[PDB]
Amino acid sequence: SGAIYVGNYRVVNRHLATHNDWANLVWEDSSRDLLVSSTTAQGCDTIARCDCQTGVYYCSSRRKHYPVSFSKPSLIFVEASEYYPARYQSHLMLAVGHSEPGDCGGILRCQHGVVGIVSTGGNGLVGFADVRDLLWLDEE
Ligand SMILES: O=C(N[C@@H]1CCCNC1)c1ccccc1
Ligand SMILES: [Zn+2]
C-alpha cells in the first residue's frame, strides 16, 4: 500500500483506489495503474522533474529501502496478477529488486523528489508507475 500527497492531490495505484478516491476522482489511467483524487489537506510531497535513472524505493515486504537503477518510462508487457490480466502497461520503469503485490504504493525517489510508485513485480524485478510527466500535479 501507499500514496503520494502533493498539493490537494492523492496519487494511488488505480487497483487500490477506495470509494472516496473514485467519488473524488481527478484523473485515472488503467494502462498506467494510476489514479489521482482530491484531498481537503495540502500535501508536501514534491514530484521529480528530471530523467534520473537512479533512486531509492521502499519495499514494505522487506521493511527496507533499496538504491536502484531503473529503465526510462516505456510500454512493457506485464503478466496477469492477483489484480490485473496480462497486458501492456505504459509509463512503466523497471529495476532489479524485490516486489510483492502488497509492495504497491511504495515510493521511488531521486534527489528531485517523487519519481513514481511500485506497480508491478515478479521474476526478481520491480516496476514503478512514473508520475514525472504529470506536470499538472505541481499546480491547481
Ligand atoms: O516513503 C519512503 N519510505 C519510508 C520507509 C518507512 C515507511 N515507509 C516510507 C521512501 C521512499 C524512498 C526513499 C525514501 C523513503
Ligand atoms: Zn531526479
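Backbone-built Cβ (ideal geometry, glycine too); neighbour counts: all protein chains shown. Numbers and lists here come from the model and the stated rules, or from a named source; none is laboratory data.
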On the basis of being over 10 Å from the mean Cα position of the chain (by Cα), surrounded by 15 or more Cβ atoms within 10 Å (Cβ to Cβ) and either within 16 Å of ligand 2 (Cβ to nearest atom) or closer than 15 Å to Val12 by Cβ (or both), does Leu108 make the cut? no
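Restricting attention to region 111-140, and to residues there that are assigned to a loop (DSSP other than H, G, I, E, B) and within 23 Å of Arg63 (Cα to Cα), which single residue is nearest to ligand 2 (Cβ to nearest atom)?
Looking only at region 111-140, we keep the residues that are assigned to a loop (DSSP other than H, G, I, E, B), and these are 111-112, 123-124, 131-134, 139-140.
From what is left, the residues that are within 23 Å of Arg63 (Cα to Cα) are 111, 123-124.
Details: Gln111: 6, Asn123: 26, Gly124: 24 Å.
Among residues in region 111-140 that are assigned to a loop (DSSP other than H, G, I, E, B) and within 23 Å of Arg63 (Cα to Cα), the one nearest to ligand 2 (Cβ to nearest atom) is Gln111.
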Among the residues of region 89-110 satisfying the criterion of being of a type in the set (S, T, N, Q) and outside any loop (DSSP other than H, G, I, E, B), which is nearest to ligand 1 (Cβ to nearest atom)? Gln89
Could you please find all residues in region 73-88 being among the aromatic types (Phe, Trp, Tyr), assigned to a strand (DSSP E or B) and either outside the structural domain of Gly121 (by CATH) or surrounded by 11 or more Cβ atoms within 10 Å (Cβ to Cβ) (or both)? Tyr88
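Mind checking which residues of region 111-127 are over 16 Å from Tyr9 (Cα atoms) and either more than 11 Å from ligand 1 (Cβ to nearest atom) or more than 9 Å from the chain's Cα centre (by Cα) (or both)? Give the steps one after another, and end with the answer.
Step one: filter region 111-127 for residues over 16 Å from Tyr9 (Cα atoms), giving 111-112, 118-127.
Selection gives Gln111, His112, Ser119, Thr120, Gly121, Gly122, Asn123, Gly124, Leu125, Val126, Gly127.
Here is a list: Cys52, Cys44. Which entry is within 17 Å of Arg109 (Cβ to Cβ) and either exposed (fewer than 14 other Cβ atoms within 10 Å of the Cβ) or free of Cβ contacts under 8 Å to residues at least 40 places away in the same chain (or both)?
Working: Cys52 fails: either exposed (fewer than 14 other Cβ atoms within 10 Å of the Cβ) or free of Cβ contacts under 8 Å to residues at least 40 places away in the same chain (or both).
From the options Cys52, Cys44, the qualifying one is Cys44.
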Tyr57 meets each of (1) within 16 Å of ligand 2 (Cβ to nearest atom); (2) surrounded by fewer than 21 Cβ atoms within 10 Å (Cβ to Cβ); (3) not aliphatic (A, V, I, L, M) with one exception, condition (2)
